[PDB]
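Enquirer: Fold the following, please.
(chains A, B and C)
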Amino acid sequence: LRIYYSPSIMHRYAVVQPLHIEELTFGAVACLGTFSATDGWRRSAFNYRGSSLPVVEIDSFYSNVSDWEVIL
Amino acid sequence: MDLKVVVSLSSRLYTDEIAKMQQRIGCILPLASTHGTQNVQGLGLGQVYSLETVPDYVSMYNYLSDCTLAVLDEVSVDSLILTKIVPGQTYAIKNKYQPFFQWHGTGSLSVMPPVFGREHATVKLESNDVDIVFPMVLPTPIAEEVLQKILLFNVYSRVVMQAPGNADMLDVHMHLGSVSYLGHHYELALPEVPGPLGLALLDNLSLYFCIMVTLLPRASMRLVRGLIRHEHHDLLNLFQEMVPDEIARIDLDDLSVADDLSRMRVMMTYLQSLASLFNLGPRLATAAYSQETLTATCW
Amino acid sequence: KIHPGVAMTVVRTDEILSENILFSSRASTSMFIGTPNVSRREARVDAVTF
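Expert: Numbers count the residues shown, from 1 in each chain, chains lettered A, B, ... in the order given. Here you go, the structure:
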């Protein structure tokens, strides 16, 4: 997560915004649950009112919500 | 439902090492792939831990969480029968490990690479030229302490590389290499050069350190100064009549309640993330244990 | 294209596809065959593995 958001951390931390005490928090992570490994990601079109969007579909999902953790 | 693991040897094991593997009966080890049939190369922690290579415990301790865990059941010359650990099943486990730290329900069992020794935890198989590195399992506070010892020695080694030698060296290796328990002392094997991924973990902790160091509450520092001046506890044993210089110059401002409230709130959000960072290991909760049989009922 | 002070040798390896013949005399191996087992495990929410 950190090495993913490193360019965005660079840009947002940049010069546009210096500091204030509430502004220090940056990101939040929560887990939605366990998915069967090696099944993969099933790509499908979503058609509404004559328009299409690419959508991934996840088979056999197991739901388990966790709390929020701060990342920075 | 019916978790069943049988691992086939290509050639029959020697008449000596069959006895040694029988001595290893009833022990957790991590395996590669969740299948009823496995080749011996995937089995055990052998392939990543090399005698030729400098040991990275952080790399091992990452690798073991990635593997699914298992328990040895039957040792034969032809094949090894193991049962596997599903997250939601309750298992009978017996403590047969050679260091023998006493187990209680107070801690969840944590599984670590063999930080103590190299040779004794491992069994070589020259019949099929591969090595089995059994993991070492320990209760929770000893595991936390040993991980702390490893990271602190990483930091002080990287510092002491261009520092004076004999004084700083012979002070550091006092009570960091050796963990002292009731009636006993044991020497941790620590890496000579820490280069991969331990320092990355320490960098990750220093990120949170640099963020938290701005948002500290002032009145607690005032309370520490007033306590170390007036009274004494074992919490206050580290500070004698001297006060460190930093705290007075951070102290000099007055107290405003809402600022300390906001600082406490942000630090409160952050410490849960640090609690997420410290674990890095599969934790198995202990609900029952019999000392006379050395037998726990894990979860 | 001036010759250097030394000469040189080259070593190569090659791989050849071969359709092979296997001969075996009669009754050379005794085989023991067991009852097969069928087990079930690790039921997904929409699947079961056997």
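Enquirer: use CA for all of it now, contacts and neighbours both
Expert: Will do.
Enquirer: At the contact with chain C, which residues of chain A appear?
Expert: A:36, A:60, A:61, A:62 (Cα under 8 Å from any Cα of the partner chain).
Enquirer: The first one: what secondary structure?
Expert: Looking back up the chat, that one is residue A:36. coil (DSSP: H, G, I helix; E, B strand; the rest coil).
Enquirer: For it, which residues are in contact?
Expert: With contact taken as Cα atoms under 8 Å, 6 or more residues apart in numbering or on different chains, residue A:36 is in contact with A:59, A:60, A:61, C:44.
Enquirer: swap in the second one?
Expert: When contacts are counted by Cα under 8 Å, 6+ apart, residue A:60 touches A:35, A:36, C:44, C:45, C:46, C:47.
Enquirer: Setting the sequence-adjacent residues aside, check what's closest to the fourth one.
Expert: Closest residue in space to residue C:45, ignoring its immediate chain neighbours: residue A:60 at 5.6 Å, by Cα to Cα, 6 or more residues apart in numbering or on different chains.
Enquirer: So the one you found versus residue B:68, what's the distance?
Expert: Applying Cα to Cα, to the nearest Å, the value for residue A:60 to residue B:68 is 20 Å.
Enquirer: and if you look at residue C:39?
Expert: Taking Cα to Cα as the measure, residue C:39 falls 20 Å from residue B:68.
Enquirer: Tell me which of those two has more neighbours.
Expert: A count of neighbours by other Cα atoms under 10 Å in any protein chain shown puts residue B:68 above the other of residue C:39 and residue B:68, at 17 against 10.
Enquirer: okay but the more buried one is in contact with residue B:30, surely?
Expert: Yes. Judged on Cα atoms under 8 Å, residue B:68 makes contact with residue B:30 at a distance of 5.7 Å.
Enquirer: residue ranges for the strands of the stretch 1-150 of chain B, please.
Expert: B:5-8, B:28-31, B:37-39, B:68-75, B:79-84, B:91-94, B:109-112, B:122-125, B:130-133, B:136-138 (DSSP state E, counting those that start in this stretch).
Enquirer: out of these, nearest to residue B:283?
Expert: Of all those, it is strand B:109-112 that lies closest to residue B:283, at 4.9 Å by Cα to Cα.
Enquirer: how far does the closest one sit from the chain's center?
Expert: 7 Å (Cα atoms, centre = their mean, to the nearest Å).
Enquirer: Quick check: buried residues in stretch B:37-49?
Expert: Of all the residues in stretch B:37-49, those buried under the rule 16 or more other Cα atoms under 10 Å in any protein chain shown are B:38, B:40, B:41, B:43, B:44, B:45, B:46, B:49.
Enquirer: Closest one of those to residue A:17?
Expert: Closest to residue A:17, out of all of these and judged by Cα to Cα, is residue B:49, at 46.4 Å.
Enquirer: can you tell me which residues contact residue B:103?
Expert: Contact analysis of residue B:103 by Cα under 8 Å, 6+ apart lists B:139, B:289.
Enquirer: for residue B:48, same thing?
Expert: residue B:60 are the contacts of residue B:48 under Cα under 8 Å, 6+ apart.
Enquirer: Repeat the analysis, applying 10 Å as the threshold.
Expert: B:55, B:56, B:59, B:60, B:63, B:133 (Cα atoms under 10 Å, 6 or more residues apart in numbering or on different chains).
Enquirer: and if you look at residue B:55?
Expert: B:48, B:49, B:115, B:118, B:189, B:190, B:191, B:192, B:193, B:194, B:195, B:196.
Enquirer: For the residues you listed, which ChimeraX command selects only the ones that are buried?
Expert: Here is the ChimeraX command that selects only those of the contacts of residue B:55 that count as buried (16+ other Cα under 10 Å):
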select /B:49,115,190,191,194
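Enquirer: closest to chain A among the contacts of residue B:55?
Expert: residue B:196 (16.3 Å; Cα to the nearest Cα).
Enquirer: Within the helices and strands, which one has that closest one?
Expert: Here residue B:196, judged by DSSP states H and E, is contained in no helix and no strand.
Enquirer: Tell me how many other residues crowd the nearest residue to it once chain neighbours are set aside.
Expert: With sequence-adjacent residues excluded and distances taken as Cα to Cα, 6+ apart, residue B:196 is closest to residue B:56, at 6.8 Å. Using other Cα under 10 Å, residue B:56 is surrounded by 19 other residues.
Enquirer: same thing with residue B:110?
Expert: Other residues near residue B:110 number 21, with proximity taken as other Cα under 10 Å.
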